[PDB]
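Enquirer: One structure follows; several queries about it will come next.
Derivation of every value follows stated rules applied to the coordinates shown; laboratory data play no part. Here the Cβ is made from the backbone with ideal geometry for all residues, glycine too, and neighbour counts use every protein chain on show.
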Amino acid sequence: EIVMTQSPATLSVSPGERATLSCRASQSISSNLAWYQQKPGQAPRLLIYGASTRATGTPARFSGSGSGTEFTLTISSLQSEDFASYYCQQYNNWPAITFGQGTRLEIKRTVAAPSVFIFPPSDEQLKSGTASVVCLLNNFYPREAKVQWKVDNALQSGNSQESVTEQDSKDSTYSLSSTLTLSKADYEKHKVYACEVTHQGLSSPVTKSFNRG
Amino acid sequence: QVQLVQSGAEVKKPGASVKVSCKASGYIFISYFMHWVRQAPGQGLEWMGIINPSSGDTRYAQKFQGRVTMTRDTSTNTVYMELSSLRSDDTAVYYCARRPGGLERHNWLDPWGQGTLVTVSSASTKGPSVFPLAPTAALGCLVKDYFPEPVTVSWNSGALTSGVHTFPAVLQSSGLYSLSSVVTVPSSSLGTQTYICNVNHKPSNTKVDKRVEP
Amino acid sequence: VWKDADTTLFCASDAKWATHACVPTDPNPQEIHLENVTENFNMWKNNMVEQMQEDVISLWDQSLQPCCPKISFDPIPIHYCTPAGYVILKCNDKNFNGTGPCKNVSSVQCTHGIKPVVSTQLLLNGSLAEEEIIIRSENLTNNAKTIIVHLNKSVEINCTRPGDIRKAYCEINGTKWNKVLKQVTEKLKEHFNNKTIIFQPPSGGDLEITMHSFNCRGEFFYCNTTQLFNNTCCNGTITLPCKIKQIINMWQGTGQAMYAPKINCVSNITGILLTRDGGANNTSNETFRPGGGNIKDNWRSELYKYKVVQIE
Ligand SMILES: *[C@@H]1O[C@H](CO)[C@@H](O)[C@H](O)[C@H]1NC(C)=O
Ligand SMILES: *[C@@H]1O[C@H](CO)[C@@H](O)[C@H](O)[C@H]1NC(C)=O
Ligand SMILES: *[C@@H]1O[C@H](CO)[C@@H](O)[C@H](O)[C@H]1NC(C)=O
Ligand SMILES: *[C@@H]1O[C@H](CO)[C@@H](O)[C@H](O)[C@H]1NC(C)=O
Ligand SMILES: *[C@@H]1O[C@H](CO)[C@@H](O)[C@H](O)[C@H]1NC(C)=O
Ligand SMILES: *[C@@H]1O[C@H](CO)[C@@H](O)[C@H](O)[C@H]1NC(C)=O
Ligand SMILES: *[C@@H]1O[C@H](CO)[C@@H](O)[C@H](O)[C@H]1NC(C)=O
Ligand SMILES: *[C@@H]1O[C@H](CO)[C@@H](O)[C@H](O)[C@H]1NC(C)=O
Ligand SMILES: *[C@@H]1O[C@H](CO)[C@@H](O)[C@H](O)[C@H]1NC(C)=O
Ligand SMILES: *[C@@H]1O[C@H](CO)[C@@H](O)[C@H](O)[C@H]1NC(C)=O
């Protein structure tokens, strides 16, 4: 009966910009409401209660107007801490404490080269079943990037698993790990192992390698 | 003061049921209502229900009417959440919370249990294998072949926290997870400062303290 | 911390004017107790009755408009509430008469299932007096201000229209009614030191205030209450000749209305409106007459135990 609706679902802004969320209530929840913040990995933090008031323990960059049906949340001079998801909260209908689908927020940062490194398989892992080389791209932006594996010039495929990091809370960059999984029977057959990185903030494809040993 | 403590991670098979606790501390257990909410990455959060740990009263959100039940033990002041008929898409992290304040009403969700994760799967749980990543420079720990998540990785018992990057796990075709924890350090300190990763997998009581060295 | 204020109070119904304009019933209130504080109330001067009067005028003229079709009308309980920032607080003294200090005071957010039914002389379908019968007045000393007696045990009443005939009737158990009538007589003696008490019909004039006028299920009944206010009570079932009249004078405001061309109402009697008179020799007797008039009273009878304030 009281349908809540978030304003944008996702967001992309640069540090220092203005950000605005809206919470639209299909019916008068009568000037209660509360705005919350959840960083990727942690337990959501309440920012505002009573529709408007800042909870002492949050900076004055945040605020929230509304009173009635339409509500808004404003971040002035948003900083690196802010890149997370935000939510609005009914709670005068005591139990009908319902959320919105949320609003993720993201960085428009400087384009940056990927601090790249590579680790060869383990001595404790080799005498177990398998081996796995790993190539790490560190603190890069934008997020869109790609890596492909080379072994004695053999391009690999279908055995690499990649994982990208949250928009870091400090420098608003990304990290990424590509894990190449081989067997010792297959790992000992070749010698040269390289990972090739292609990134928007680089002049040419870069590679980093190792000879077995 | 205002302090909630939930149960750990858990994996029980599909079509079954699970119980997650929530011990509240720092206030009388009974005048404040306990709410339960959940998150499944792919969506955001949504509210599940209300229990009054003075009565036993439960009022539920529509979608979760039936599957969830709430319980009190107002003496050892804990709340129990019980979800059942666990279909495969209920896998998610569940939070308990309170409605703090002083006088009047205004019940905004202040304290928040850190949330437990529930992986409804069909696979035998297994402890993870920890491994080194020896090489400004950088190193890490490879924690591979485990289930379920989450496994928590802390370098030098949480004394090395800047430059540490802990990825989200990846499920490879074998049906198990793998991830790695890396850290950037000054090039001069390699061999000078010892670097050890504490890897703690709560489901299968695992703690492996593995030291990395060039 | 906290101070009295004004706020467009919102409403929570438990619905199945309360359509979209009132939120669903809170199925988990929380009267949080307050301590060491002795707050002062004035049922006779709050704006909860202002809010209430204006809102019920809205719903009243909206749902049974004067000439004009025919569909149902019976009230349903409607809690009122304060938004974030403001606090309703609640006198829990069982014998608090509406005015003065309450010490068992405790704060909450939504009222109690208010059934907005307007009537004259007798109060219908409301909440009873918690412990002993209460008599509420801005001052007992000055008589212009009316009296609102609030009953300990309610008394039901059945009003009926049967064939399509001219006017209707209404019935009441003489037994329990004359019992509770003698009960409030005893109480009124208590406050006017054991003086003899005399009930009399209303002066006359504006029909509604010299009658039991009320809208039942769409139509307006005017019951002659000469019988109920019998001094010498004879305790069999009592009948009232009630006029279902199509021409009324509007409680809405200045103006009078007409409503267009087998129906029954049961209702609990929870309070009575009574005007005194003026005994300078003081006789050995005070006389009371069925009162009414300002609709305002109707709401005070149910909002005496509350006060809106702002948390600081
Ligand atoms: C209430 O008053 C008593 C003494 O009259 C005192 O002991 C107590 O601390 C007071 N409580 C508050 C909340 O002021
Ligand atoms: C006030 O009355 C309520 C009953 O409505 C009771 O529960 C409460 O204990 C009372 N408070 C005091 C101080 O007696
Ligand atoms: C209600 O109050 C009266 C006094 O007004 C007293 O006799 C008793 O507490 C109650 N009477 C009945 C009949 O319930
Ligand atoms: C109500 O009680 C107060 C005391 O709290 C008293 O001063 C006042 O005269 C009483 N009024 C009536 C109408 O009983
Ligand atoms: C009210 O009185 C009428 C008239 O006989 C009767 O039909 C009806 O059943 C009565 N209802 C109650 C609740 O007494
Ligand atoms: C009226 O109601 C009373 C209940 O107090 C009952 O004892 C009595 O028998 C009733 N009388 C009639 C005539 O129905
Ligand atoms: C009410 O009835 C009494 C006696 O039956 C009669 O004397 C009086 O005039 C009537 N008044 C009205 C307003 O009907
Ligand atoms: C009071 O009741 C008696 C019952 O016999 C009746 O004769 C008398 O007319 C009544 N008087 C009034 C004023 O209702
Ligand atoms: C009092 O309530 C009953 C049941 O809720 C209802 O049938 C009746 O019409 C109400 N009385 C009036 C005067 O509306
Ligand atoms: C009104 O009377 C009916 C009839 O028994 C009862 O069930 C109901 O609780 C009463 N309501 C109030 C508010 O007294």
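Enquirer: Go ahead and estimate [θ] at 222 nm for chain C from helices alone: -39,500 (n - 2.57) per DSSP H run with n ≥ 4, summed, over the residue count, rounded to 500.
Expert: Calculated from helices alone, the mean residue ellipticity at 222 nm is -4500 deg cm²/dmol.
Enquirer: Also, I was wondering about something else. Given a cut-off of under 8 Å on Cα pairs at least six residues apart, what relative contact order in percent is computed for chain A?
Expert: About 18 percent, as a whole number.
Enquirer: Summing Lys, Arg as +1 and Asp, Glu as -1, what charge do residues with Cβ under 15 Å from the Cβ of C:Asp26 carry, C:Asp26 excluded?
Expert: Within the 15 Å Cβ shell, the charges total -1.
Enquirer: Here's another thing I want to ask about it. List, in order, the whole-Hz ³J(HN,Hα) value for each residue of region B:184-189 obtained from phi through the Karplus relation with A = 6.51, B = -1.76, C = 1.60 and θ = phi - 60°; use x for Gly and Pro.
Expert: 8, 9, x, 4, 6, 7
Enquirer: Additional query: To the nearest 0.05, what FRET efficiency results for B:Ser54 and B:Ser121 with a Förster distance of 51 Å applied to their C-beta separation?
Expert: 0.85
Enquirer: Using modelled backbone amide H atoms (1.01 Å from N, in-plane), which distant-in-sequence or interchain residues come within less than 5 Å of C:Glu156's amide H?
Expert: Hits under the 5 Å cutoff: C:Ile269.
Enquirer: Under a 10 Å cutoff between Cα atoms, tell me which one of A:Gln37, A:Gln125, A:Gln90 has the largest fluctuation in the Gaussian network model of chain A.
Expert: Ranking A:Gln37, A:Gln125, A:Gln90 by mean-square fluctuation puts A:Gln125 first.
Enquirer: With an 8 Å cut-off on Cα pairs and a minimum separation of 6 or more residues, tell me the relative contact order of region A:110-212 in percent.
Expert: 32
Enquirer: Long-range amide H contacts for C:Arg136: which residues qualify at under 5 Å (H placed 1.01 Å from N, peptide plane, sequence gap of 5 or more or a different chain)?
Expert: Long-range HN contacts for C:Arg136: C:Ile148, C:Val149, C:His150.
Enquirer: Another question, if that's okay. Can you spot the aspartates and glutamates whose alpha carbon is less than 13 Å from A:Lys189's alpha carbon? Ignore those fewer than 8 places along the same chain.
Expert: Result set, ordered by chain and number: A:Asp152.
Enquirer: Using r as the Cβ-Cβ distance of C:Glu54 and B:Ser25, and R0 as 51 Å, what FRET efficiency do you calculate, to the nearest 0.05?
Expert: Calculated transfer efficiency: 0.60.
Enquirer: Give me A:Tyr36, A:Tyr49 sorted ascending by neighbouring Cβ count inside 10 Å, so fewest comes first.
Expert: Lowest count first: A:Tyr36, A:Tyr49.
Enquirer: Something else: What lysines could a cross-link reach from B:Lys207, if we take a straight Cα to Cα line under 26 Å and drop same-chain neighbours fewer than 8 places away?
Expert: A:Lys127, B:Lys12, B:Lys13, B:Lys19, B:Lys23, B:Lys126, B:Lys144
Enquirer: While we're looking at this one, here's another question. Enumerate the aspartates and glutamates that C:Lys189 could reach by cross-link, defined here as Cα to Cα under 17 Å, with residues fewer than 8 away along the same chain left out.
Expert: Leaving aside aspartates and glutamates fewer than 8 places away in the same chain, those within reach of C:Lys189 are C:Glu132, C:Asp277, C:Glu286.
Enquirer: What nm distance separates the two modelled labels at C:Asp74 and C:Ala15, each placed 7 Å from Cα along Cα→Cβ?
Expert: Simple spin-label model gives 1.9 nm for this pair.
Enquirer: List every residue whose amide H lies under 5 Å from the amide H of B:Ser180, counting only residues 5 or more places away in sequence or on a different chain, with H placed 1.01 Å from N in the peptide plane.
Expert: It is B:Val143, B:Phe167, by chain and number.
Enquirer: Could you give me the ³J(HN,Hα) list for region A:187-203, computed from phi with Karplus coefficients 6.51, -1.76, 1.60 and θ = phi - 60°, whole Hz, x at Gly and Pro?
Expert: 6, 7, 6, 10, 10, 8, 10, 10, 10, 10, 10, 10, 9, 5, x, 10, 7
Enquirer: Now a separate question. Using a/c under 1.5 as the rounded threshold, could you call chain C rounded, prolate or oblate? The axes a ≥ b ≥ c are square roots of the C-alpha gyration tensor eigenvalues, and prolate needs a/b larger than b/c, oblate otherwise.
Expert: It is oblate, given that a/c is not under 1.5 and a/b is not larger than b/c.
Enquirer: On to the next question. Nearest 500 deg cm²/dmol is fine: what mean residue ellipticity at 222 nm does chain A get from its DSSP H runs of n ≥ 4 alone, each adding -39,500 (n - 2.57), divided by its residue count?
Expert: After summing the helix terms and dividing by the residues of chain A, the value is -500 deg cm²/dmol.
Enquirer: Calculate the dipole size of chain C relative to its Cα centre from +1 charges on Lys and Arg beta carbons and -1 charges on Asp and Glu beta carbons; express the result in debye to the nearest 20.
Expert: Rounded to the nearest 20 debye, it is 980 debye.
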